[PDB]
Amino acid sequence: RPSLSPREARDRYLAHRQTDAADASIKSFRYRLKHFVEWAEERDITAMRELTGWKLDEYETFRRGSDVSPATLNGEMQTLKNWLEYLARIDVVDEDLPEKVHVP
């Protein structure tokens, strides 16, 4: 039923974690997800529920094509994974989506 755009979902998640995470962790989450929000918006993804295993794989490959180190990429995908778990809990995305996130 509920629907959130990438930006809305990103802001919601950061506020949600703004209770059990240090300021630096929130910033890290913000920096990591910033790449996803811009990518999703440019790819015309207007609602997080629109995400699929294919789109997630496209994103992973896109990031793998950047100048980021494997260690940095892993932490980025892990945050992406935790983000989707949160959204799945609040009915914003399909319950079987977070599992489709590949964390190298």
Side-chain angles (χ1 to χ4, degrees):
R1 179 70 291 183
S3 182
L4 297 178
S5 65
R7 61 183 309 180
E8 299 180 308
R10 183 274 317 287
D11 296 337
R12 201 186 184 88
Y13 178 63
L14 300 183
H16 164 262
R17 289 291 302 186
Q18 198 86 63
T19 179
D20 51 54
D23 287 357
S25 292
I26 298 302
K27 283 181 177 177
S28 291
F29 297 163
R30 177 180 284 290
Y31 304 149
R32 295 167 182 166
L33 296 183
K34 179 184 172 183
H35 297 102
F36 185 88
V37 175
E38 45 177 303
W39 175 87
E41 295 185 346
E42 282 295 343
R43 297 302 228 68
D44 305 313
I45 293 171
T46 60
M48 291 297 280
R49 193 183 300 290
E50 294 175 353
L51 289 176
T52 62
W54 168 259
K55 299 180 187 301
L56 290 176
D57 181 78
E58 284 278 277
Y59 180 69
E60 180 180 356
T61 300
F62 164 74
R63 294 303 292 145
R64 199 239 309 300
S66 69
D67 291 324
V68 70
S69 295
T72 305
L73 178 55
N74 296 182
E76 199 181 303
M77 294 305 292
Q78 179 60 64
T79 283
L80 174 57
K81 173 75 99 71
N82 299 335
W83 180 33
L84 297 185
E85 299 189 323
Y86 167 60
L87 296 181
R89 178 163 69 72
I90 59 172
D91 313 305
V92 173
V93 192
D94 289 347
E95 50 267 62
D96 63 353
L97 184 76
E99 51 147 47
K100 296 173 178 179
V101 178
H102 178 263
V103 180

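Side-chain atoms are counted along with the backbone in the values below, which use heavy atoms only and exclude waters and symmetry mates. This chain uses plain numbering: 1 for the first residue, then up along the sequence.
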Q | Pair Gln78-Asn82, side-chain donor/acceptor within less than 3.5 Å | A | yes

Q: Establish whether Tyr31 and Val37 are linked, either directly or via other cluster members, by ILVMFWY side-chain heavy-atom contacts under 4.5 Å.
A: no

Q) Do you know the tightest heavy-atom contact between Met48 and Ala9? A) CG-CB, 3.6 Å

(Q) Give me the atom names and distance for the closest heavy-atom approach of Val103 to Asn74. (A)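 Shortest heavy-atom separation between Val103 and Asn74 comes out as CG1-O, 4.0 Å.
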
Q | Near-ring test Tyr86/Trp83, centroid separation under 6.0 angstrom | A |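 Here the rings of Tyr86 and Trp83 have centres that are no less than 6.0 Å from each other.
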
Working to the nearest 0.5 angstrom, can you tell me the gap between [X] [atom1] and [Y] [atom2]?
X: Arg89; Y: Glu85; atom1: CZ; atom2: CD; result: 10.5 Å
X: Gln18; Y: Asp11; atom1: CD; atom2: CG; result: 11.0 Å
X: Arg10; Y: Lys34; atom1: CZ; atom2: NZ; result: 9.5 Å
X: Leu73; Y: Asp67; atom1: CG; atom2: CG; result: 12.0 Å
X: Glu76; Y: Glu60; atom1: CD; atom2: CD; result: 10.0 Å
X: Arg49; Y: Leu87; atom1: CZ; atom2: CG; result: 9.5 Å

Q. Hey, is CG on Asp96 packed in by over 12 heavy atoms from elsewhere, all under 6.0 Å?
A.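 More than 12 within 6.0 Å, yes.
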
Q.
Is it the case that atom CZ in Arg63 sees more than 12 heavy atoms from other parts of the structure closer than 6.0 Å?
A.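 Enclosed: over 12 neighbouring heavy atoms sit under 6.0 Å from CZ of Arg63.
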
Q: Using salt bridge (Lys or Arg N to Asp or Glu O under 4.0 Å) as the criterion, list what pairs up with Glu38, not counting sequence neighbours.
A: none

Would you say [X] and [Y] make side-chain contact, with heavy atoms under 4.5 Å?
X: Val101; Y: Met77; value: yes
X: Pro6; Y: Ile45; value: yes
X: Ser5; Y: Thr46; value: no

Q: Start with the C-alpha distance between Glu58 and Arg43, add both sets of side-chain angles, then the distance that settles side chain to side chain contact (heavy atoms under 4.5 Å, CB included), and finish with yes or no.
A: CA-CA 11 Å; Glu58 284 278 277; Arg43 297 302 228 68; 3.1 Å; yes

Hey, is the main chain of [Y] close enough, under 3.5 Å, to the side chain of [X] for a donor-acceptor pair?
X: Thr19; Y: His16; result: no
X: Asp57; Y: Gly53; result: no
X: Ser69; Y: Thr72; result: no

Q | Given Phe29, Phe62, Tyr59, the one that forms ring-ring contact (aromatic ring centres under 6.0 Å, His included) with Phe36 | A | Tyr59

**Q.** Residue from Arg32, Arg30, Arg17 passing side chain to side chain donor-acceptor pair (under 3.5 Å) with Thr79
**A.** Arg32

